[PDB]
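Each of the two blocks below gives one form of the same protein chain as structure tokens; they are labelled structure 1 and structure 2.
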Structure 1
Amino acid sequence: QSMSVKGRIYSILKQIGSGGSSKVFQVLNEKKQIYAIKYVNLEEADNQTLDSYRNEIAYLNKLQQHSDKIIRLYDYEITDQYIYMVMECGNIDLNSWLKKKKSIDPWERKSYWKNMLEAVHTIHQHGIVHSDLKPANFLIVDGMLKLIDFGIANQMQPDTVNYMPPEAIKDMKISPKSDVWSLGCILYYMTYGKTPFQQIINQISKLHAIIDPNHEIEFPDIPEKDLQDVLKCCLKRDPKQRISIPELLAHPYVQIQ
């Protein structure tokens, strides 16, 4: 089944994500190369939705320069009815590559963490706060992770409120610190193999736990202390307390050997 984007033509290998009025497809060009293509349908001109999407393209466009830990965008076409974005295709998302795994190599867990921070630092410099980070939002492309999205649009899910931080639940304000927390949970889950409450099931309880000063988060012993320190510093409950992405970038855990 064909597709046209700026008069270049694309044959769909398959759908790889869906949500709202948009679908993502793995696809091939004329010269047998792979790409993802996000196709959004504007027939439902929910006007908040529509500006959310014009805003995502705008940013995705601007962050092409400042980092390649950010998914590449080769082209797009937008009209009143549709939006096609032709992007990079990753081998695999992170959320998967983790569930098909028992032991993560410590060196990889570090290199993925670096990549994580770099990408999140990049979007903070441009004043974006994701506030929705989870493993799905990252993506493997030749050893490097790359952030796929910014939290601008009511995002797809491939084909969970573990990573929800405290401030987002009491506040019913969002700073950068909010992404740190979710990053911690993602690192947490990469060391221990469960987010910090994959084991509470009562949702009313789970969010009382996320916000209960007197619930001591269980921090096991591990081969490397630095990691353990990074993890405690990220999963603090006062944002004013919590470590920053710039402090995180100058941490021993990311800098030494």
Structure 2
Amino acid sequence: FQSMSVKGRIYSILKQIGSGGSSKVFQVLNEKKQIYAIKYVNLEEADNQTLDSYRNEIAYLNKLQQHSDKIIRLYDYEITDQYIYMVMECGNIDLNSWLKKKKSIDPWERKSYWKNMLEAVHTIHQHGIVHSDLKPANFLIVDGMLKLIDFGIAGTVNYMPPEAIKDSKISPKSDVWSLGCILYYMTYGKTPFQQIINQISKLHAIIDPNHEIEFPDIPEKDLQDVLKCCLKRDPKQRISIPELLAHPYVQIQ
């Protein structure tokens, strides 16, 4: 019921989707009555290291615009010493809400979301970025299509690769492990160590090879292979994003 200006342009605030320290996202309308998400970050108690981290993520989001529509759109931003305003594409729902509120998934819809996850992450990898904290909440469904919102620059432990737990040690392969965990959720309705009540017992489970990960028989033997390949505990043995892109699973239907 109130307004904002970003680079000379006024936006009407429909509602706030999300709050935080010290940042917020509002769903907003421009003068053409087009819809956007505007993130606002308050820098009042933000330190130089923090500030640079933010400037860096903003820089890369802006660059990778050109290179793939599987990264969230940034149309504009206004940045001063007190705040940031980012004028971005508005999502329909984040992947995690979407999976939390889904009772199963269309095999095709899943395959199509995988293609998207791989394309976003493939991109950032091509520019030297390793997200290294990939979750469903890092993805947005926009008009049937999955988009990556964040680059890791600016549950928790479920999607964590074992090389982060033993940690000198982080490679693009760590992202593949984490994607692996997402698909697994989308295939089996849970992450690989979600059974493990206790969070230390989990951490030993994630890194211990005497712990066979289970992969129940399912109609799509390809999906089973992809999962078996991403979730190999040794990154050197694990599969690469560009290999995953040529795999029968994403290539044949």
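Rigid core (definition): largest C-alpha set, two forms, superposition within 1.5 Å. For residue numbers, the reference is structure 1: its sequence is counted from 1.
After superposition on the rigid core, the Cα atom of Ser244 is displaced by less than 2 Å between structure 1 and structure 2. With the core fitted, the CA of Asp212 sits 0.5 Å away from its counterpart between structure 1 and structure 2. Superposing the two forms on their core, we find that the Cα atom of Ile9 is displaced by 1.3 Å between structure 1 and structure 2. Its Cα shifted by 2.6 Å, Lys31 is compared between structure 1 and structure 2 on a rigid core fit.
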